[PDB]
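Undergrad: PDB entry and its sequence, pasted below:
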Amino acid sequence: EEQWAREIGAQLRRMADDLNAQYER
Amino acid sequence: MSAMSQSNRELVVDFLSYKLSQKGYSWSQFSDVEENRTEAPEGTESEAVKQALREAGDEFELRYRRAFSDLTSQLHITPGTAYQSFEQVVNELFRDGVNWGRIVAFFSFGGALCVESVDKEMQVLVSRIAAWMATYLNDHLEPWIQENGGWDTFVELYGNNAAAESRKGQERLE
């Protein structure tokens, strides 16, 4: 399995979560 | 498979090819960094979306104000465990909701992991990332990101026109 996948998804969504700010970070 | 996703697949490749171009790797012809298919006029929608995608393509984390180093260190992948990573990517990308943020995150990260992935998996790995990027974004993200605006927030980011006539424009009549 992929134990490092924890960051491949979490760390990916982390920065992408900035979308909630709606342009205005 | 078939839902209007040509410009989306050509766009992701334009940027991904730009970062990989520094190393000299391209699936299209070892050189492109543009589209090699769309052939837009560059001054009506393609130049506006392309320029906005770049400006926000580095605002994913904003001066690295979210997490620590995790886009080059270690990096695990292989033909048998990578499936777990992909399933986690989309699942986690659905945290707050698949939006324009998913594009900026996959831009820098996808290029920062691709440079190390291709060098650890030949030119066969990145060649899949380009196709899978479209299959996944089209599977459940094209209509989602567009439903909330997606490209609308991108152009408003590089254009700063969010407080001009977009707020009181598409929030009552449209």
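TA: On my side now, so go ahead. Numbering: from 1, shown residues only, chains lettered A, B, ... in the order given.

Undergrad: OK, contacts around the residue in chain A that chain B sits nearest to?
TA: Closest approach of chain A to chain B (Cβ to the nearest Cβ) occurs at residue A:19, with a separation of 2.8 Å. Quick note: C-beta positions are derived from backbone N, CA and C, even for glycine. Going by Cβ atoms under 8 Å, 6 or more residues apart in numbering or on different chains, residue A:19 touches B:96, B:97, B:99, B:100, B:101, B:102, B:153.

Undergrad: identify the residue nearest it in space, chain neighbours excluded?
TA: Take residue A:19 and drop its neighbours on the chain: the residue closest to it by Cβ to Cβ, 6 or more residues apart in numbering or on different chains is residue B:101, 2.8 Å away.

Undergrad: tell me the SS of the spatially most central residue of chain B?
TA: For chain B, the residue whose C-alpha lies nearest the mean C-alpha position (Cα atoms, centre = their mean) is residue B:103; its distance is 3.5 Å. Going by DSSP: H, G, I helix; E, B strand; the rest coil, the secondary structure assigned to residue B:103 is helix.

Undergrad: quick check, it in contact with residue B:53.
TA: Yes - the criterion here is Cβ atoms under 8 Å, and residue B:103 meets it with residue B:53 at 7.0 Å.

Undergrad: list residues touching both of those two?
TA: Once Cβ under 8 Å, 6+ apart is applied, the residues that residue B:103 and residue B:53 both contact turn out to be residue B:154.

Undergrad: gap between the closest residue to residue B:38 other than its chain neighbours and residue B:34?
TA: Excluding the flanking residues, the one nearest residue B:38 by Cβ to Cβ, 6+ apart is residue B:10, at 4.5 Å. Using Cβ to Cβ, to the nearest Å, one gets 9 Å for the distance from residue B:10 to residue B:34.
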